[PDB]
>>> print(open('entry.pdb').read())   # PDB, C-alpha atoms and all ligand atoms
ATOM      1  CA  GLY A3615      -1.989 -18.269   5.909
ATOM      2  CA  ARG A3616       1.316 -18.323   4.026
ATOM      3  CA  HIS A3617       4.433 -16.472   5.160
ATOM      4  CA  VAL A3618       5.320 -14.095   2.304
ATOM      5  CA  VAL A3619       9.044 -14.545   1.653
ATOM      6  CA  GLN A3620       9.076 -13.138  -1.896
ATOM      7  CA  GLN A3621      11.070  -9.896  -2.088
ATOM      8  CA  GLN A3622       8.737  -8.074  -4.465
ATOM      9  CA  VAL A3623       5.701  -8.734  -2.285
ATOM     10  CA  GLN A3624       7.572  -7.876   0.907
ATOM     11  CA  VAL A3625       8.476  -4.467  -0.549
ATOM     12  CA  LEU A3626       4.886  -3.841  -1.620
ATOM     13  CA  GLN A3627       3.652  -4.803   1.857
ATOM     14  CA  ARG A3628       5.937  -2.173   3.355
ATOM     15  CA  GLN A3629       4.814   0.399   0.803
ATOM     16  CA  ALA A3630       1.161  -0.281   1.598
ATOM     17  CA  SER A3631       1.942   0.208   5.275
ATOM     18  CA  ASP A3632       3.761   3.442   4.343
ATOM     19  CA  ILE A3633       0.717   4.648   2.410
ATOM     20  CA  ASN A3634      -1.624   3.662   5.252
ATOM     21  CA  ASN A3635       0.383   6.008   7.481
ATOM     22  CA  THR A3636       0.475   8.863   4.928
ATOM     23  CA  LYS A3637      -2.103  11.635   5.003
ATOM     24  CA  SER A3638      -3.767  12.524   1.727
ATOM     25  CA  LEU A3639      -3.940  16.037   0.328
ATOM     26  CA  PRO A3640      -7.381  17.612  -0.109
ATOM     27  CA  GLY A3641      -9.042  15.739  -2.931
ATOM     28  CA  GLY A3642      -7.546  12.407  -1.967
ATOM     29  CA  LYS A3643      -4.185  12.204  -3.722
ATOM     30  CA  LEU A3644      -1.041  11.193  -1.891
ATOM     31  CA  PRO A3645       1.468  14.036  -1.474
ATOM     32  CA  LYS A3646       3.960  12.107  -3.657
ATOM     33  CA  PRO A3647       2.997   9.109  -5.826
ATOM     34  CA  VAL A3648       4.429   5.743  -4.823
ATOM     35  CA  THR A3649       6.060   3.593  -7.495
ATOM     36  CA  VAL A3650       5.453  -0.155  -7.167
ATOM     37  CA  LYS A3651       7.685  -2.703  -8.909
ATOM     38  CA  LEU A3652       6.426  -6.145  -9.862
ATOM     39  CA  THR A3653       7.153  -8.902 -12.379
ATOM     40  CA  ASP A3654       4.124 -10.137 -14.294
ATOM     41  CA  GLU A3655       3.124 -13.678 -15.233
ATOM     42  CA  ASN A3656       5.100 -13.523 -18.493
ATOM     43  CA  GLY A3657       8.243 -12.644 -16.528
ATOM     44  CA  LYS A3658       8.407  -8.991 -17.597
ATOM     45  CA  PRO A3659       9.275  -6.232 -15.105
ATOM     46  CA  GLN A3660       6.408  -3.838 -14.536
ATOM     47  CA  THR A3661       6.206  -0.580 -12.576
ATOM     48  CA  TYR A3662       2.955   1.060 -11.466
ATOM     49  CA  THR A3663       2.223   4.525 -10.088
ATOM     50  CA  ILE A3664       0.026   4.750  -6.975
ATOM     51  CA  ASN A3665      -1.450   8.270  -6.936
ATOM     52  CA  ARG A3666      -4.285   7.644  -4.428
ATOM     53  CA  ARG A3667      -4.327   5.103  -1.632
ATOM     54  CA  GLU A3668      -7.239   3.201  -3.209
ATOM     55  CA  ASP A3669      -5.124   2.648  -6.327
ATOM     56  CA  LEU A3670      -3.556  -0.192  -4.353
ATOM     57  CA  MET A3671      -6.797  -2.141  -4.834
ATOM     58  CA  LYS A3672      -6.142  -2.247  -8.590
ATOM     59  CA  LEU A3673      -3.285  -4.699  -7.895
ATOM     60  CA  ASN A3674      -5.638  -7.172  -6.221
ATOM     61  CA  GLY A3675      -5.744 -10.401  -8.189
ATOM     62  CA  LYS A3676      -2.705  -9.634 -10.376
ATOM     63  CA  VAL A3677      -0.652 -12.717 -11.218
ATOM     64  CA  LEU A3678       3.038 -12.164 -10.478
ATOM     65  CA  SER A3679       6.195 -14.147 -11.144
ATOM     66  CA  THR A3680       8.838 -14.393  -8.430
ATOM     67  CA  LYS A3681      12.218 -16.115  -8.345
ATOM     68  CA  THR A3682      13.217 -18.431  -5.519
ATOM     69  CA  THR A3683      16.760 -18.425  -4.149
ATOM     70  CA  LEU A3684      17.323 -21.633  -6.161
ATOM     71  CA  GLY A3685      16.649 -19.755  -9.408
ATOM     72  CA  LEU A3686      13.237 -21.234 -10.222
ATOM     73  CA  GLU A3687      10.379 -18.954 -11.167
ATOM     74  CA  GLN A3688       7.174 -19.193  -9.130
ATOM     75  CA  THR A3689       3.850 -17.568 -10.018
ATOM     76  CA  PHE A3690       1.510 -16.201  -7.367
ATOM     77  CA  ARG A3691      -1.741 -14.265  -7.258
ATOM     78  CA  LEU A3692      -1.396 -10.952  -5.446
ATOM     79  CA  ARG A3693      -4.088 -10.041  -2.940
ATOM     80  CA  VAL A3694      -4.860  -6.580  -1.577
ATOM     81  CA  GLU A3695      -7.557  -6.048   1.041
ATOM     82  CA  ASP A3696      -9.169  -3.093   2.812
ATOM     83  CA  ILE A3697      -9.427  -4.095   6.474
ATOM     84  CA  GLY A3698     -11.306  -0.920   7.361
ATOM     85  CA  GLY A3699     -11.220   2.786   6.631
ATOM     86  CA  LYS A3700      -9.073   2.445   3.495
ATOM     87  CA  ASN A3701      -6.237   0.687   5.294
ATOM     88  CA  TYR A3702      -4.725  -1.896   3.034
ATOM     89  CA  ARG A3703      -2.937  -5.202   3.554
ATOM     90  CA  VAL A3704      -1.010  -7.101   0.859
ATOM     91  CA  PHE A3705      -0.573 -10.902   0.720
ATOM     92  CA  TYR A3706      -0.671 -13.626  -1.905
ATOM     93  CA  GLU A3707      -2.411 -16.875  -2.741
ATOM     94  CA  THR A3708      -1.237 -19.664  -4.967
ATOM     95  CA  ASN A3709      -2.070 -19.342  -8.630
ATOM     96  CA  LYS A3710      -1.959 -22.991  -9.743
TER      97      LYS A3710
HETATM   98 CA    CA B3801      11.597  -2.677   2.063
END
>>> encode(input="entry.pdb", output="structure tokens", more="lines below")
Ligand SMILES: [Ca+2]
Amino acid sequence: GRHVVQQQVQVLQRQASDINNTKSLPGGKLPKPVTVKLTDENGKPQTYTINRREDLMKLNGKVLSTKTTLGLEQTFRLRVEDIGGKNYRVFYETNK
């Protein structure tokens, strides 16, 4: 029960909601892949391509680095959950 204030996670939450509301093409791919942008534990930018809605589950448990408004890095563990019917929610949990 933590309010997600980190930009990168907030954008991914919106994208997951976008995907949840997008119909798949026959065979299960999204009509257009969604590009997700994160920063990994070592501080490197990463981008990932979401071709199918379930691809979002591959981000579950990924350790991310975020920057506070004070300029300090914070690491978090990303969480992605299927609440029912392949509808995904994105949140985080502390890493250390
Ligand atoms: Ca946004």
>>> closest_atom_pairs(input="entry.pdb", of="chain A", to="ligand CA 3801 (chain B)", cutoff="8 Å", atoms="all atoms listed in the file", output="JSON lines")
{"residue": "A:3624", "atom": "CA", "partner": "B:CA3801", "partner_atom": "CA", "distance": 6.7}
{"residue": "A:3625", "atom": "CA", "partner": "B:CA3801", "partner_atom": "CA", "distance": 4.4}
{"residue": "A:3626", "atom": "CA", "partner": "B:CA3801", "partner_atom": "CA", "distance": 7.7}
{"residue": "A:3628", "atom": "CA", "partner": "B:CA3801", "partner_atom": "CA", "distance": 5.8}
{"residue": "A:3629", "atom": "CA", "partner": "B:CA3801", "partner_atom": "CA", "distance": 7.6}
>>> closest_atom_pairs(input="entry.pdb", of="stretch 3628-3679 of chain A", to="stretch 3693-3699 of chain A", cutoff="12 Å", atoms="all atoms listed in the file", output="Markdown table")
| residue | atom | partner | partner_atom | distance |
| --- | --- | --- | --- | --- |
| A:3630 | CA | A:3694 | CA | 9.3 |
| A:3631 | CA | A:3694 | CA | 11.8 |
| A:3634 | CA | A:3699 | CA | 9.7 |
| A:3667 | CA | A:3696 | CA | 10.5 |
| A:3668 | CA | A:3696 | CA | 8.9 |
| A:3669 | CA | A:3694 | CA | 10.4 |
| A:3670 | CA | A:3694 | CA | 7.1 |
| A:3671 | CA | A:3694 | CA | 5.8 |
| A:3672 | CA | A:3694 | CA | 8.3 |
| A:3673 | CA | A:3694 | CA | 6.8 |
| A:3674 | CA | A:3693 | CA | 4.6 |
| A:3675 | CA | A:3693 | CA | 5.5 |
| A:3676 | CA | A:3693 | CA | 7.6 |
| A:3677 | CA | A:3693 | CA | 9.4 |
| A:3678 | CA | A:3693 | CA | 10.6 |
>>> residues_around(input="entry.pdb", residues="residue A:3660", least_positions_apart="3", cutoff="9 Å", atoms="all atoms listed in the file", output="PyMOL selection string")
chain A and resi 3650-3654
>>> residues_around(input="entry.pdb", residues="residue A:3665", least_positions_apart="5", cutoff="8 Å", atoms="only C-alpha atoms", output="list in words")
residues 3643, 3644, 3646, 3647 and 3648 of chain A
>>> write_last_selection(input="entry.pdb", atoms="C-alpha atoms", output="compact mmCIF listing (two decimals), in the coordinates of the input")
# COMPACT_ATOMS: atom_id res chain seq x y z
CA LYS A 3643 -4.18 12.20 -3.72
CA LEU A 3644 -1.04 11.19 -1.89
CA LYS A 3646 3.96 12.11 -3.66
CA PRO A 3647 3.00 9.11 -5.83
CA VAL A 3648 4.43 5.74 -4.82
>>> atom_distance(input="entry.pdb", atom1="atom CA of residue A:3689", atom2="atom CA of residue A:3707")
9.6 Å
>>> closest_residue(input="entry.pdb", among="A:3641, A:3635, A:3681, A:3709", to="residue A:3621", atoms="only C-alpha atoms")
A:3681
>>> atom_distance(input="entry.pdb", atom1="atom CA of residue A:3706", atom2="atom CA of residue A:3692")
4.5 Å
>>> axis_aligned_box(input="entry.pdb", around="stretch 3638-3641 of chain A", padding_each_side="4 Å", output="JSON")
{"center_x": -6.4, "center_y": 15.1, "center_z": -0.6, "size_x": 13.3, "size_y": 13.1, "size_z": 12.7}
>>> closest_residue(input="entry.pdb", among="A:3658, A:3703, A:3617, A:3666", to="residue A:3638", atoms="only C-alpha atoms")
A:3666
>>> closest_residue(input="entry.pdb", among="A:3702, A:3685, A:3620, A:3661", to="residue A:3632", atoms="all atoms listed in the file")
A:3702
>>> closest_residue(input="entry.pdb", among="A:3680, A:3664, A:3642, A:3636", to="residue A:3701", atoms="only C-alpha atoms")
A:3636
>>> atom_distance(input="entry.pdb", atom1="atom CA of residue A:3618", atom2="atom CA of residue A:3700")
22.0 Å
>>> closest_residue(input="entry.pdb", among="A:3710, A:3679, A:3637, A:3686", to="residue A:3622", atoms="only C-alpha atoms")
A:3679
>>> decode(input="entry.pdb", residues="stretch 3623-3699 of chain A", atoms="C-alpha atoms", output="mmCIF file, in the first residue's frame")
data_model
loop_
_atom_site.group_PDB
_atom_site.id
_atom_site.type_symbol
_atom_site.label_atom_id
_atom_site.label_comp_id
_atom_site.auth_asym_id
_atom_site.auth_seq_id
_atom_site.Cartn_x
_atom_site.Cartn_y
_atom_site.Cartn_z
ATOM 1 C CA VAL A 3623 6.250 3.540 -12.868
ATOM 2 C CA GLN A 3624 3.392 6.004 -13.300
ATOM 3 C CA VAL A 3625 3.885 5.901 -17.081
ATOM 4 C CA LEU A 3626 3.971 2.103 -17.086
ATOM 5 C CA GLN A 3627 0.782 2.002 -14.998
ATOM 6 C CA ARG A 3628 -0.959 4.115 -17.623
ATOM 7 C CA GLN A 3629 0.403 1.943 -20.418
ATOM 8 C CA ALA A 3630 -0.861 -1.205 -18.705
ATOM 9 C CA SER A 3631 -4.276 0.413 -18.406
ATOM 10 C CA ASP A 3632 -4.033 1.346 -22.108
ATOM 11 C CA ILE A 3633 -3.214 -2.256 -23.006
ATOM 12 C CA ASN A 3634 -6.027 -3.570 -20.795
ATOM 13 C CA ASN A 3635 -8.417 -1.483 -22.900
ATOM 14 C CA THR A 3636 -6.896 -2.549 -26.251
ATOM 15 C CA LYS A 3637 -8.331 -5.452 -28.212
ATOM 16 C CA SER A 3638 -5.888 -8.040 -29.487
ATOM 17 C CA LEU A 3639 -5.696 -9.170 -33.096
ATOM 18 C CA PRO A 3640 -6.461 -12.822 -33.861
ATOM 19 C CA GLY A 3641 -3.595 -14.817 -32.433
ATOM 20 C CA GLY A 3642 -3.172 -12.575 -29.423
ATOM 21 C CA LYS A 3643 -0.803 -9.804 -30.486
ATOM 22 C CA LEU A 3644 -1.567 -6.166 -29.820
ATOM 23 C CA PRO A 3645 -2.321 -4.159 -32.975
ATOM 24 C CA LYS A 3646 0.800 -2.031 -32.323
ATOM 25 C CA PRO A 3647 3.543 -3.000 -29.842
ATOM 26 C CA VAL A 3648 3.927 -0.804 -26.774
ATOM 27 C CA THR A 3649 7.398 0.416 -25.835
ATOM 28 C CA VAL A 3650 8.119 0.566 -22.096
ATOM 29 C CA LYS A 3651 10.967 2.667 -20.689
ATOM 30 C CA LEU A 3652 12.655 1.809 -17.409
ATOM 31 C CA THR A 3653 15.987 2.314 -15.646
ATOM 32 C CA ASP A 3654 17.539 -0.852 -14.258
ATOM 33 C CA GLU A 3655 19.297 -1.442 -10.944
ATOM 34 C CA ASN A 3656 22.679 -0.442 -12.397
ATOM 35 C CA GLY A 3657 21.212 2.907 -13.467
ATOM 36 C CA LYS A 3658 21.122 2.160 -17.201
ATOM 37 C CA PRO A 3659 18.132 3.163 -19.353
ATOM 38 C CA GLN A 3660 16.295 0.179 -20.765
ATOM 39 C CA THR A 3661 13.433 -0.058 -23.266
ATOM 40 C CA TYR A 3662 11.247 -3.138 -23.740
ATOM 41 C CA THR A 3663 8.757 -4.065 -26.457
ATOM 42 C CA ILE A 3664 5.350 -5.379 -25.344
ATOM 43 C CA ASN A 3665 3.941 -7.372 -28.279
ATOM 44 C CA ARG A 3666 1.230 -9.304 -26.372
ATOM 45 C CA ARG A 3667 -0.603 -8.181 -23.266
ATOM 46 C CA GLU A 3668 0.862 -11.035 -21.193
ATOM 47 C CA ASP A 3669 4.358 -9.744 -21.980
ATOM 48 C CA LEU A 3670 3.704 -7.254 -19.188
ATOM 49 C CA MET A 3671 4.098 -10.126 -16.712
ATOM 50 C CA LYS A 3672 7.758 -10.466 -17.733
ATOM 51 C CA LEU A 3673 8.434 -7.151 -15.940
ATOM 52 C CA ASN A 3674 7.161 -8.528 -12.633
ATOM 53 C CA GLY A 3675 9.960 -8.590 -10.089
ATOM 54 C CA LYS A 3676 12.370 -6.404 -12.093
ATOM 55 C CA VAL A 3677 14.508 -4.146 -9.912
ATOM 56 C CA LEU A 3678 14.390 -0.541 -11.121
ATOM 57 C CA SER A 3679 16.251 2.623 -10.189
ATOM 58 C CA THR A 3680 14.330 5.884 -9.893
ATOM 59 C CA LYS A 3681 15.456 9.412 -9.066
ATOM 60 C CA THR A 3682 13.735 11.494 -6.410
ATOM 61 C CA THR A 3683 13.168 15.217 -6.910
ATOM 62 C CA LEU A 3684 16.135 15.774 -4.557
ATOM 63 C CA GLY A 3685 18.448 13.966 -6.988
ATOM 64 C CA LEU A 3686 18.974 10.765 -4.996
ATOM 65 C CA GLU A 3687 18.582 7.413 -6.692
ATOM 66 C CA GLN A 3688 16.116 4.940 -5.180
ATOM 67 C CA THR A 3689 15.779 1.272 -6.136
ATOM 68 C CA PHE A 3690 12.424 -0.492 -6.177
ATOM 69 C CA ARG A 3691 11.078 -3.883 -7.187
ATOM 70 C CA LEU A 3692 8.447 -3.649 -9.906
ATOM 71 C CA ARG A 3693 5.297 -5.709 -9.474
ATOM 72 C CA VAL A 3694 2.814 -6.678 -12.182
ATOM 73 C CA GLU A 3695 -0.326 -8.648 -11.365
ATOM 74 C CA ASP A 3696 -3.202 -10.222 -13.293
ATOM 75 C CA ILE A 3697 -6.355 -9.341 -11.353
ATOM 76 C CA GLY A 3698 -8.529 -11.436 -13.651
ATOM 77 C CA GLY A 3699 -8.966 -12.178 -17.330
#
